[PDB]
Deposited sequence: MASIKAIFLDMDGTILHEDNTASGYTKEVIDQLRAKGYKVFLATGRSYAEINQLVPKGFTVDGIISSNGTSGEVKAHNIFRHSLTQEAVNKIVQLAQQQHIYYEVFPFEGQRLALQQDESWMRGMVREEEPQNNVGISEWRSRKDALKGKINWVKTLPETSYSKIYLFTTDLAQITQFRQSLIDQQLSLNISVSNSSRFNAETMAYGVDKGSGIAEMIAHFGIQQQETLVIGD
């Protein structure tokens, strides 16, 4: 029987959205009935906190794709890339003109200002290019419009992940494989959501590991946990 429920979402349904009320109400009910209820999100803790309505409460949140966990506004884990890994991955990307976004745990995603013009160049067109999906194309255009902090030099801070993209399929296939080849040297796990991308996070860390860490904190077993949503 279930003691923990995880809801995976991007937060948007908690805002303006007339369903935020219903979702908040359902979570309150579940919690009142004795369930521990958790959010899982790819968004950062700060972002998800900004989106949710006033009074919205869960027993915990795993954010940044399983790399962070928060309970009563206290961090219980924060799994970072090494600074050395970040620097090497960004170096390789730049050298190959692979569009990249570096995600800190706090603040905007970022990229080096010296790479701004070729990154903007790569998604210049309004229509998606070279078989890239509508959704990923729009996401890149939206990110270039106002979500990237263009920095002169990479900040020294804890880093959740790096996203890598290009419209050149052969190039990204090869680059993704080069990261896989270095999984154990850089201590990273490599994932991808399209054939045009890759993401690198700390080795062995993902939404699943985040869920395991969160339920372990509450003394709940995997077979007592229900995971639903995105």
| item | value |
| --- | --- |
| Deposited positions without coordinates, collected into consecutive stretches in sequence order | 1 to 2, 18 |
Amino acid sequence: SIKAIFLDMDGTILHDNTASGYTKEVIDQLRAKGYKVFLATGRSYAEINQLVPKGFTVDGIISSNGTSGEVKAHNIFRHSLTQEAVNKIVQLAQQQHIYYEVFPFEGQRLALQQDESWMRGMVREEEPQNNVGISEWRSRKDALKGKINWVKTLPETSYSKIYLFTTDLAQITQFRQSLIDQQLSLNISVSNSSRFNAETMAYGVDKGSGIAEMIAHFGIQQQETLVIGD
From here on, numbers count along this sequence of modelled residues.
query	finding
Comparing 50 to 58 with 195 to 203, the one whose average Cα B-factor in the PDB entry is higher	50 to 58
34 to 42 versus 60 to 68 - greater average Cα B-factor per the deposited record	34 to 42
Out of 170, 27, 188, 162, highest CA B-factor residue	27
Where the record places residue 79 (Cα B-factor, split into thirds across the chain)	lowest
Assigned third (lowest, middle, highest) for the C-alpha B factor of residue 127	middle
Residue 152 - which third its CA temperature factor falls in, relative to the rest of the chain	middle
Lowest, middle or highest third - CA B-factor, residue 90	lowest
Residue 134 by Cα B-factor - lowest, middle or highest third of the modelled chain	middle
